[PDB]
């Protein structure tokens, strides 16, 4: 025990997997005293005496005495006496009301609606990957992946996959033509891209009566709203031409904060819409103050008043949550 | 097989052959000192069931002489009477002795009929493994040496040939690779 | 079982006798 | 009664039948109730925790999620090799600070005691020393076939 | 809180001393005509000294 | 059983919807089966017990297992004098008391099964809300193909506020990752302070301390005794970070992975449909929702 | 005739459902069902009291943390730097990776070569030395085929580390 | 050779693990932040270990000692003829199972195309290996080069939910091994959500693997006491027919039971009573009359 | 009988007359639980009585 | 359409809680009590076939 | 009894569909035969007025 | 579904000539208000 | 559970803050709300209230309040519909899309009722579409084009000129009873003052921005500032609308 | 108030043995991830001293 472990093979580095239930690795001793162990050694011995001998002789079955059906009388691991099985058991540790009252409070949380599930985000409908031989040649992200490459990265470092060079030209083949080759792809594609969960109207996406996305209404809805934020629209106006890597340095002194902690928050907030960090919330405050009271000057009384998250104040976001990729393509122009 | 005071006490159910009649017992001792288990004659009528297979309640009904461990036609032997033990699935079928509560006297304590299962039954259930050295039953077995009476199973098996523990030596392949695979045709590859 | 109140088990509730070995 | 209406006649008949208890419900005129009754002893059970009855066999946690295990030792040795490789890449000059840009020979250079030498010198050798004594018709024949 | 403010803030501000000042001197390198004139004339020369240096 | 099939129904759906992970089909089948034996355990230790009932003064008494198998029928001689139906209307009366008490007991012992079962899922349930990625848009906000639309504004007929908020709670420390094991060990270490201190010494030597280590000295069970022979540490399960079974499926064959997916998705929808059916009844009871649909564009115009 | 004599044939199953009657052979599949009703007595048939089994959403919960705290969030429990390059778990994918891995990404993305300007990139330089991409190890540039000042290469990648 | 290239584990050497290779895996699978690995790289070091043995097997070719040919076909089959006749009867179990674990699922899927390719294994030219390959050259140009291999033909199967690779270790074995009567199959039947007669099929293999894992002799009459209802019928079904064998669908009766025929069988069950639980799950509940007892026990002469 | 069935289909002519007092007997409907339930009282003040 | 039937007990907020009545499932006391083996009791007029799409 | 969905008509027009101990002692017998049937997807309960 | 698809269209009311004023109602608004003035929240019949 | 609930009620867990009088009084309000599904089914017309994409529970961001949005959307605009849905039946314009009923009913004495409400129907409808609550920045595809035309060689008076040009366009609506549009005239962007009952579609043009000058657009919120500033709250109004403007749309219809 | 037992010990008769810390469920905000362990740790220390 004292000395160090080591691998007998050279360069073995990944742990070998052992599974539950494998008797090689079971330590469950619930009614395994010394007596049961020796009583267990009993049945084990008179069946396989060669298993114990340091040098095992060839193991074979001899005639059994009590009768040919002597497995009836000897088979199975030895038994623990019955009363101990019933009363010899510790008391169950008392699970009070709150231990439940919090769990049932912890279970009702997971029943909320996660946005990516009803109308699956495009990033995850074409992110399908199979180890099958046919799947990869028809590289499936080709359409959306090209867009993400194009406008979210510089022209130098983006790999663009062309459509024509793809197997089928990259679009669904005509139905009755290709021996079922193409039909299974879109089918498989749809089988991974079909939604689930209670949508806005109040039914499953596959409900018999309630049909959303009638004539691209939700598509025309986002197309006119625009996945953006007044708070971003003000800031990115005020930043102007300068790069944040230059702007940020000005904003945070030698001992104010880690610019990395700040400048990172700007990157996932300027683009890839999320809530701005509490650090970023404060940094934006001194910076944006003069913009807001110019913005919020002519507002009537009852309207909400734009202000950073920290006399009715409410941030400039009309979107509860935008996906990290659609905010990008919108704000890839800014 | 609940053990009490180091004595193998068992619960069981003694049943007629046709299972129409049956008696329950609370705690009976396991007594390899006995050649055949013995029950109260008071039961013989109460376990008797006429059948088209055995018109008389039992196959054999005879009265004989027997009284070991009790304290001519002394006690009645009858069979076959099946005996359902609780912990052991298979039932042992016995030809016990039906005796009055005096001849092989029974009501010793305040109503305790002193039931003790003989070698007749233990030879035909999972209690037979108790007979093996190391088992709960080895001590009472009729070796009179009084040493080799309580020596551990190792001291018996090291005498018998258990040099090292199971699968310790690397000449014996570890037994838990005996079946690396179970060939359920439906679960894998289909039928 | 003699009074017919006992849950029966006919041969009719038998599935296939499967090849285990 | 919607269910047990019928079988009750049979249920009583076999459960032991009507045993008649003289003066069972009788109350003595002084106030006593003769024949002290059978008493209800049933109590909420306190020793039943099937979770502590079947645990994750080696790390006994009363769970039910089947999570596979990395064999002890082969996990620790695995971890101990990671830190020794972790120690190489991210903290090269011993300064301890995470060097995010590592050296090539530090990126690709192998762990110091990755290639076990102790196992050779402390075990393999000690076997070979005893191996030197094997019979001459054997040691050659061993060397021959191998 | 306060017992931790005096505790971790100087150790947190410590990395800011290096993390803020680090990127800071990178900017002055860009606008510096020294490096700037070097990159335009012959980047290969500009890429040689940095590689060996 | 049934109610546990409804909790384990969502936990198999949640484990996919919130984190695109598959609970292996067998593990899901254990949680039900692991509970069924638990009630099967409770059912055994009952059968030693017995309950009594009384319909007349005491003239009838039935002793019965908590399940319902009447063990003993104790009858006054007078009751037999009665007509058969009056015998029947008495036995079946006391037997009702026998199953009444046989109910309340197995009703409380049932809760223990329920609570012990939630302890089983606390590794999993709390594990899928112990993650930085557990964003839930409000239960009232309109979804939309480009992302979830506004909060539906909390209509704001309030004025002061009286309805103006979205209570976006957090459930996790922002800075230091505090796993359950981190606490339980501190707990396990916290007792160490007590055991070493003279105060604990005086308490551990007290009769009260001795019953403590009786239950909570699991590190000192004699080898071979039923229970956990070491310090028992509860699971950490970061479900978005611990590959459950789906990695195996996509390795082997898609057709099972898409299938095992659609199993998880519907099981999630079915849960939410039930999660709607509750409000489908709730709002009707508060008088705020009609029996017949009155808001047609909300199910059609979308 | 005979082929018609077979086409006319109706199966036992076809007969069964037609006559609205379960066939004798297909009733073992009901036996397991009858087993639960038989073994439901007592505990198994008594539901959890007071517990519905269906729980509604009762809060609006979200634990989405900022990126900076997310970096070293799991320092102790796990192997340092959790969110290494996970685009799906992290908002910023390239955050925190070591010098080669980020290079590896653009080395596997690898926009192929083209004709260059006289400000030829290090990609041109590293090739004329046989040091193609991994061999500017200490150097801070992450995208070798880009024409910008070395600080511009470094200032753009100061967040990522 | 076998000891030199298969059993000499120290002689095996894995592809070198650089610091970049190590940190990758420890951040890849032990800490699988990125959950899945479904690719072909020099990683995971475990398939490679079995691969290294495999690739060493493929390189092996039976031939002379005049050259680098490691072993002669005569000497090879001599080794097997030597060791096969040295096989312990239990070793035959491991062999006979190995012949079916691997070879039988191969020889079943075999056509005329593979005949030339089979001989390449034993390096034993038999009739014609040059002219025949051109015949295979015909089918192989009109056949995917991936599928026509013998190694790949079984890459997929059904029911990945319960796999044999995990169900080797019997579940709950620590519990039901102590007192098997305490665990009738109805307790662990829920552990497997498969078809019933199937769940009770696999439950046998669980018992038999359990016993061998503990070296104890397995209960050879468990399946008969497990498939009691199955067994009691065929014993009758045999004693009515003139055929010896098991019962297929054909010889089963053609009765058309009514839609409500078992109603009396139901209200019996739906209103059963059992004093102790074991009575409810007893293995001989099927046995009512002597006509049953004679058949059920007609197997064990004892 | 009408409403205790888990699926209760009401047609137009369906009228539930709970009248027991005119016959002098306390109204034996078995339905009163659907009446005494608070939803009946909270929606319609006093309808149940 | 129809999965609203697995939870019809919830329609009575009292009895859904009270749990006095045994019946809670659609096809029986329980919804998925024998989900895997009961449905085969319809004669398989229209079997599945070889629907493997690998 | 339809192929799947059984029907039950209370046939007592003369006595105004009232349930003596005659009917009810079979109603909870028949409607059980209907509900606990095998193919009974639905047992429609009504009166044969 | 078979049972559910049934109820959803003919049972759970739809766009046919169903208008809640048309279905046979015993307690209209006015009728229901009267009940409040008589039988709502009162102890005994004599006061009623 | 959104279908069954009446048209406007909230949907949440009751806090039991309401007594029996709290509930039963609400139930009537749900009851009388059934009168909608009656009346709406009997008042259903060919034309309708066009649904707003952005949710308007909270008043339109900074421009409007919710009180101000109850009037126009729910009361006035509906009343602009109810006229049209009424007068369309019987006329040959019965059952036609707007672009047909606008032009055919445009510019004639008798048919003026349709051309009044219909050309208003589209008007009020477009005023909803133009308002994105928190305002969006003009896409660069326009910020170049607006810059070309509306800066007479200034320092990017792209929108800055557009703002003023509206205020002059709105003040010019001396009636204060009309509309204001930024119409694409096939050659040049130019804001045109539009009298109520006439839209740019009747003028054959392609409208891009909608701006309401009707008092009912500002009646509740804006003249409060007027009563304190005594100048033009309508100038303060126009300056606030562009904090809610939608140039994102006018990009689509630009091309 | 001390839980008064006599056959168990001389624990209490009705006297006050310690100021009860308020239920840690509703005390200062602990993150609900640690709420389960704290509750199970809080009562155990209250209950066993």
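Labels A, B, C, D, E, F, G, H, I, J, K, L, M and N are assigned to the chains in the order they are written; within every chain, residues are numbered from 1.
Following the convention adopted for this analysis, contacts are C-beta pairs under 8 Å (C-beta built on N, C-alpha and C of every residue); 3 or more make two chains touch, one makes a residue touch a chain.
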**Complete:** Contacts shared by subunit D with subunit N include exactly A, F
**Asked** What is the chain whose Cα centre is as far as it gets from that of subunit A?
**Response** B
**Complete:** Cα centroid separation, subunit D vs subunit H, in Å, comes to 26
**Item:** Whole-Å separation of chain centres (CA-atom averages), subunit G against subunit L
**Value:** 52
**Prompt:** How many angstrom lie between the CA centroids of subunit G and subunit H, rounded to a whole number?
**Reply:** 31
**Prompt:** Between subunit E and subunit K, what's the gap in Å when you average each chain's C-alpha atoms?
**Reply:** 88
**Request:** Provide the list of subunit K residues touching at least two other chains, using ranges where the numbers run on.
**Result:** 1, 38-39
**Complete:** Residues of subunit F that touch two or more other chains sit at 1-3, 7, 10, 24, 26, 30, 36-37, 40, 42-46, 65-71, 109, 112, 114, 116, 119, 122, 126, 129, 134-139, 142, 149-150, 166, 170-172, 226-227, 229, 234, 241-242, 250-251, 253, 269, 271, 273-280, 282, 284-285, 287, 290, 292-293, 296, 298-299
**Complete:** Multi-chain touching residues of subunit C, meaning two or more other chains, are 5, 7, 12-15
**Request:** Can you check the complex and tell me which residues of subunit E touch subunit A?
**Result:** 13, 15-17, 19-21, 23-24, 27
**Item:** Contact set on subunit G toward subunit A in their complex
**Value:** 55-61, 64, 66-68, 91-92, 95, 106, 109-111, 143, 145-146, 155-156, 158-159
**Prompt:** Quick one: in the complex, what on subunit D touches subunit H?
**Reply:** 3-4, 7, 11, 53-54, 57, 70, 75, 78-79, 81-82, 85-86, 88-89, 106-111, 114, 124, 145-146
**Prompt:** Hey, which residues of subunit F end up touching subunit N in the complex?
**Reply:** 122, 126, 129-130, 170-173, 178, 180, 183-184, 187, 190, 203, 207-209, 211-212, 216, 234
**Item:** Complex interface listing, subunit I residues touching subunit L
**Value:** 7, 9, 12-13, 15, 44-47, 49
